[PDB]
Structure formats: structure tokens, C-alpha cells
């Protein structure tokens, strides 16, 4: 939470926009009339999310992901595990606390531009998916990823989450979470910020082996 003391109002994102942590200088949920059940991630949840990201990156890197359009995904020569980043997690959490599904306009930090994956599920029952389950939703996009084509040649709407997960240049991840009730839908919102950002148009996901 130490990051809350950084002045994000001085951060400038490539496409402009007021930084999320400048817009909201509070770490307290700000969800209109929605009923916030809980917010944040436990030490174990953060570790589980990190492990899932890394187990996935390694699966891909070792040439073990058979899914694709067509599969399999090629092995990687430069795939390193991600490490959890508290600042990314903080900014992700501030965004999550707005309960506004989608991407926030400016989330970059002092060190680099930042990418982001969001996940949301709603149920009529008072139950909330495990964070890892939401992460796997992003992974499954790999079924629609065609490695015979470069990154820009693929369908971003269908694979944009997958590509950010396996972006070789991305080295850090930090996520935020919140469970709320909106018009009787029990929703779990997961926001994960990545540093440095991935999904750059003229680049490849990772160096193939």
C-alpha cells in the first residue's frame, strides 16, 4: 500500500488521461449503489495468481501448449517467470475499487508503461469464482491464437488477454480484486496490471525456439 504515497498526478501516459491513482487517492471501494462484499487479495491468493501466470508461461515456453488455431504454440527461448509487484497491485486495486468493468485510461508507473487484463463473472448465486479460475479464462484464449502469424496478425479481441500473459518482455504483475452485488448479480472482478506492458503492435509475443 506504500505506493499510495507516490504522486501519480505527475505520471503521463502515452495516450494521455489522468492517472488512476491521481483520480482516486483512496484505497477504499467507491462503487455507487453496488454492495461491496469484500476487496483485495490474501497473501495466498496473490501467490496462487503469480504461480498460475508462471506455470502457464512455462507450459507455453516448453512447447507444451497444444491448443491454438492451429496449435501447438511454439516453445520460447526467453520466457522468464513473473514476480509480484506491489505498486502494480495497488494501481490495479484502485481501479478494481471503482467496479467499472473495462480498462482504466492511464495506469503507467514511474518505471514503465503498464499493460492490463481484466476478468469478471456474475452469478445469481452467492458464490464467487477463485481468482485462478478467472486467470484461466485469459489462458483459454490461446485456442484462438494462430502462431503461424505474428502478434499483430492475430485477433486482439479474442486473444488480447492471452498475449499479455505470455509476453516475454513483461516481467512483473500485480492484481486487484473486488466482489460486489449489483442488481442481484454476485460478481467477482479481477484486475491485473503488467510491467512493462505487452501487446505492442509491431512486436512478437516471445522469441521462438
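Residue numbers count along the first chain shown, from 1.
Asker: Looking only at CA atoms, which has the higher mean B factor in the entry: 9-17 or 194-202?
Answerer: Per the PDB record, 9-17.
Asker: Read off the CA B-factors in the entry, average them over 172-180 and over 61-69, and name the higher stretch.
Answerer: Result of the comparison: 61-69.
Asker: Can you tell me which of 43, 34, 51, 161 has the highest Cα temperature factor in the record?
Answerer: That would be 34, according to the entry.
Asker: With respect to C-alpha B-factor, does residue 81 fall in the lowest, middle or highest third of the chain as deposited?
Answerer: Its C-alpha B-factor, which the entry lists for residue 81, ranks in the middle third among residues of this chain.
Asker: Sorting the chain's modelled residues by C-alpha B-factor, tell me whether residue 27 ends up in the lowest, middle or highest third.
Answerer: Its C-alpha B-factor, which the entry lists for residue 27, ranks in the highest third among residues of this chain.
Asker: Sorting the chain's CA B-factors, does residue 115 end up in the lowest, middle or highest third?
Answerer: Ranked within chain, residue 115 CA B lands in the lowest tercile.
Asker: Per the entry's values, where does residue 151 land by CA temperature factor relative to the rest of its chain, in the lowest, middle or highest third?
Answerer: As the PDB entry reports it, the C-alpha B-factor of residue 151 lands in the highest third of its chain.
Asker: Among the modelled residues of this chain, does the Cα B factor of residue 138 put it in the lowest, middle or highest third?
Answerer: As the PDB entry reports it, the C-alpha B-factor of residue 138 lands in the middle third of its chain.
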